[PDB]
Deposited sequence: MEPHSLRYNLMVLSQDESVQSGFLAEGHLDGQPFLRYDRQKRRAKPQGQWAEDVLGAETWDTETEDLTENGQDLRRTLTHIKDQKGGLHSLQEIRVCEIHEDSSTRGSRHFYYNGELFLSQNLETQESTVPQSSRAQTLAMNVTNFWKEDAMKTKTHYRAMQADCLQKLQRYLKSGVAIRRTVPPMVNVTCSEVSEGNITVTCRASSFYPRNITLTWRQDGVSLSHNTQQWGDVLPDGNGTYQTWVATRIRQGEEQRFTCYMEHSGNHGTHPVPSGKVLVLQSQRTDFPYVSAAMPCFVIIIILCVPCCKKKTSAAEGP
């Protein structure tokens, strides 16, 4: 049996040295969309009949707060990536947690700059992985240095948040 999973996909944008206000976000539960984010209203909302009618409405209050915290963090991170080239630039974070059939858990996050993977972190072990490329290494050094200036607690708390939500959403269905 395939693992249950909760996946968040957030993206922030910058142009001409300015990180745009707000962020884009979506969430999938066991591979299906369940969450969308209204960038104008600044509200997480249900996506699909199941999320609309089965999940408690408190879901969207919690997700709104959590996405706001995550999205503003991502805006800050983009601000500190060195890139003086013109054009629209993007930073995307994919965050996932899983519960497997043996009841064990997994969790990770992955960062993409202009569509290119440059950093993955295992939220359970704290191990980081950077692709073997000069560009990705530069980006990852950029980001990880900014973060350096409760590291373990920070990463484990992200995993705890995710797992708690996954368990709650699975129960509702």
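Enquirer: Map the modelled residues onto the deposited sequence and report the uncovered stretches in sequence order.
Expert: Gaps vs deposited seq, in order: 150-152, 177-319.
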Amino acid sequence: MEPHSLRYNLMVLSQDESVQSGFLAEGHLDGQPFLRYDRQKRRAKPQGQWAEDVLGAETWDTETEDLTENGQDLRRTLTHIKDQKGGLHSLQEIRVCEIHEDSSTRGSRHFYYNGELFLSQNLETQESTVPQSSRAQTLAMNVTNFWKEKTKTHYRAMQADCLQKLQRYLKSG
From here on, numbers count along this sequence of modelled residues.
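Enquirer: Averaged over C-alpha atoms, is the B-factor higher for 4-12 or for 164-172 in this PDB entry?
Expert: Per the PDB record, 164-172.
Enquirer: Would you tell me which stretch averages the higher CA B-factor in the PDB entry, 100-108 or 52-60?
Expert: Between 100-108 and 52-60, it is 100-108.
Enquirer: At the C-alpha atoms, which of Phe34, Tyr37, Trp147, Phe118 reaches the highest B-factor in this entry?
Expert: Checking the PDB record, the top C-alpha B-factor among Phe34, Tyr37, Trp147, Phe118 is at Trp147.
Enquirer: With respect to C-alpha B-factor, does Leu29 fall in the lowest, middle or highest third of the chain as deposited?
Expert: Within its chain, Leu29 is a lowest-third residue by C-alpha B-factor, going by the deposited values.
Enquirer: Please place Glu93 in the lowest, middle or highest third of its chain according to the CA B-factor in the PDB entry.
Expert: As the PDB entry reports it, the C-alpha B-factor of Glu93 lands in the lowest third of its chain.
Enquirer: Can you tell me which third, lowest, middle or highest, the CA B-factor of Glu127 falls into for its chain?
Expert: For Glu127, whose C-alpha B-factor we compare with every modelled residue in the chain, the answer is the middle third.
Enquirer: Which third of the chain holds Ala140 when residues are ordered by C-alpha B factor: lowest, middle or highest?
Expert: Its C-alpha B-factor belongs to the middle third of this chain's values.
Enquirer: Comparing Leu78 with the other modelled residues of its chain, is its CA B-factor in the lowest, middle or highest third?
Expert: Middle third.
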